[PDB]
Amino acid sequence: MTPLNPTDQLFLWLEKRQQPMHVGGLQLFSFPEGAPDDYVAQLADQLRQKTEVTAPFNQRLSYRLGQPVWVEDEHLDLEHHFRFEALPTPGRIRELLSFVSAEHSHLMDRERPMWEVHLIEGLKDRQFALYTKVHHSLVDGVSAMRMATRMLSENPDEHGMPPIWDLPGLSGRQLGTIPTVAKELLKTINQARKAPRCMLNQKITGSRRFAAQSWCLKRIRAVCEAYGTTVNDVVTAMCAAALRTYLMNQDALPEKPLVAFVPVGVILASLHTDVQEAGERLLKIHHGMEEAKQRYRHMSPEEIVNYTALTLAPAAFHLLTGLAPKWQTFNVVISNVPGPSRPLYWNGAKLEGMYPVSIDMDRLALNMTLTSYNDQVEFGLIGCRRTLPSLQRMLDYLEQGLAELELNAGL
């Protein structure tokens, strides 16, 4: 049936036990007003009933002799894909994040459609959670977190809404062994005529630590006006500050500043983690990204795509092989994919916060992913638990980075 376009084949290919290639999202809701004490157990019961499943959630991987294809899954077992779980006492945010860190570590089964929805009960003050896991071969990261929003509605009076499973690389080619495709990368790089070493950039384990948090938008806009910067600048500065504090605290802050892979096009933006004052760092970040985007002003899509693909080929060789440290090119991904501008509800349950859960790799231990929802900006930090001890502390380091800017300007 439907074949596997070459980018989907790639996420299957570089998947291994230490780098699962699934994305995820963590949605936090409040009990709908006037809900029985046992509202989540009631909810799980009727979701188990809902057995109709539509594309892409009924697709499953199969091979036609040698080539991977999707196929319509005749016998899908909804109690494999849908799960009702509970947090251990005391059921607060620290426990919710431990649950997602454990669950996000686990490889998905390739013999079934590669999605899971986890309904979590046991949260303290009349909240519940949805943790959704989908393989990148089946759904990329943004349309995943668009489906999770499209699954909701603006009207809190409305009920009977469905669940998510029932809804209305340029010069690459083939499967190969790693030396084979790595050598095609050298050839590509060499006939193209011819970022510091960091603790974030080493081989990783398959265990994850997830840290998420919300920050109020107008709090951040206040910092924008004071410094004459954009929202994107401040949030990138919050990441630069947090990363700086974290690596100092580990005595592992490099002398050269960190560099971030930043979609906007693709910017290789310096984070300036060698700068000490916060206002200085924000503005060097602001102009540094302003100027890096302008190198795209006089370029057509064909150009950007080719410039993008040629610039990153050495980084791809290093990620795949670990044999070219000087080619690391960026120390972390900081992704920002904007979300819905107004409050949302699932059958009268208010979405209180939506947090993406992204992919770590060998030599990218940390992936910072960002989104916005109405009042707030949402930070999702996913990291290898071994190479990044105490990763949850980066939430306080982000918050301290924003408060330092606020003090410096007296807001």
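All residue numbers are counted from 1 along the displayed sequence.
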Practice prompt. Classify the number of deposited-sequence residues missing from the model between residue 264 and residue 265: none, 1 to 3, 4 to 9, or 10 or more.
Written response: 10 or more
Discussion item. How big is the unmodelled gap, if any, between residue 194 and residue 195 relative to the deposited sequence? Choose none, 1 to 3, 4 to 9, or 10 or more.
Written reply: 4 to 9
Response to the item:
Mean Cα B-factor check, 81 to 89 vs 284 to 292, entry values; winner is 284 to 292
Worksheet item: Comparing 94 to 102 with 169 to 177, which stretch shows the greater average C-alpha B-factor in the deposited entry?
Response: 169 to 177
Discussion item. Checking the record values for 121, 158, 111, 116, which has the greatest CA B factor?
Written reply: 158
Worksheet item: Which of these has the highest Cα B-factor in the record: 254, 314, 301, 322?
Response: 301
Worksheet item: Should residue 327 be placed in the lowest, middle or highest third of its chain by the C-alpha B factor in the entry?
Response: middle
Item to complete: Please place residue 338 in the lowest, middle or highest third of its chain by C-alpha B factor as given in the entry.
Response: highest
Worksheet entry | Record-listed C-alpha B factor of residue 127: chain third | middle
Worksheet item: When the modelled residues of the chain are sorted by Cα temperature factor, does residue 245 land in the lowest, middle or highest third?
Response: lowest
Practice prompt. Taking the values exactly as deposited, rank residue 220 by C-alpha B-factor within its chain and report the matching third: lowest, middle or highest.
Written response: middle
